[PDB]
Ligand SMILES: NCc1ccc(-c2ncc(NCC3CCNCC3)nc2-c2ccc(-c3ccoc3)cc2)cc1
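Next comes just one chain, in structure tokens: the form solved without this ligand.
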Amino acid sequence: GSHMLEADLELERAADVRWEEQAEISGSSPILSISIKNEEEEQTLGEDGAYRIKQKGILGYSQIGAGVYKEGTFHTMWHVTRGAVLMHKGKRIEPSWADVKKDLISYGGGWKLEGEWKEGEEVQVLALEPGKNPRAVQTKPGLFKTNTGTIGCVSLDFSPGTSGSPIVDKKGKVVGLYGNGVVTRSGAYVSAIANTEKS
């Protein structure tokens, strides 16, 4: 086999994980990214927060995902990294735990996301889309029956490459991660919120 990485997957911090009062008031608001990032250039690269995940290729970087660093653990979607080693400023990050069925993977310790969701409450997607500055979008999840209990879900209103982006309650905690596509019995595709799940 090879002793090199199968692929160069780099992390890039983009924003603080927090509730945005402006997006509560207006529906959505941009968030500050840093000198002030006027524009995101996907193809160039550049602790706690929200991160882009980019894959090097001969044309430059592609943003294939996003995720959340919290309390020394990085959380993202199994579909995004398929358990691959991540790099961040020359530091290597290793998969600690995964759950394919839930499309979740953690790196550097176990699950730390402690946002909570009850029906009727709104949340903010802190969306890191390919080619765009971070944006907070207020949304209302609906409750759904699983074949074992309940999950909250939201509409797939972002780029697939926002997968892994955090969704936050009013306490500023992460209820879960955007982009975990599930199919309903009523023919539709929605995003199943990570933690919001009972059995």
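Numbering starts at 1 and follows the sequence shown.
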Deposited residues omitted from coordinates between residue 34 and residue 35, as a class: 4 to 9
Interval residue 46-residue 47, deposited residues with no coordinates in the entry (none, 1 to 3, 4 to 9, 10 or more): 10 or more
Higher-scoring stretch by recorded Cα B factor average, 143-151 or 164-172: 143-151
Residue range whose averaged C-alpha B-factor is higher in the record, 35-43 or 61-69: 35-43
Top Cα B factor in the deposited entry, candidates 182, 11, 17, 14: 182
Third of the chain, ranked by Cα B-factor, where residue 75 sits: lowest
Third of chain Cα B-factors occupied by residue 99: highest
Third of the chain's Cα B-factor distribution that residue 177 belongs to, per the entry: lowest
Assigned third (lowest, middle, highest) for the C-alpha B factor of residue 85: middle
B-factor third for the C-alpha atom of residue 123 within its chain: lowest
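The form solved in complex with this ligand is left out here; the points below concern that form.
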Binding-site state, shown form vs this ligand in the deposited complex, superposed, 3 or more atoms under 2.4 Å of backbone or C-beta: blocked
Of 86, 123, 104, 127, the one that lies within 4.5 Å of this ligand in the deposited complex (heavy atoms): 104
Stretch in contact in the deposited complex with this ligand, which is absent here, among 127-135, 169-177, 154-162, 59-67 (heavy atoms within 4.5 Å): 169-177
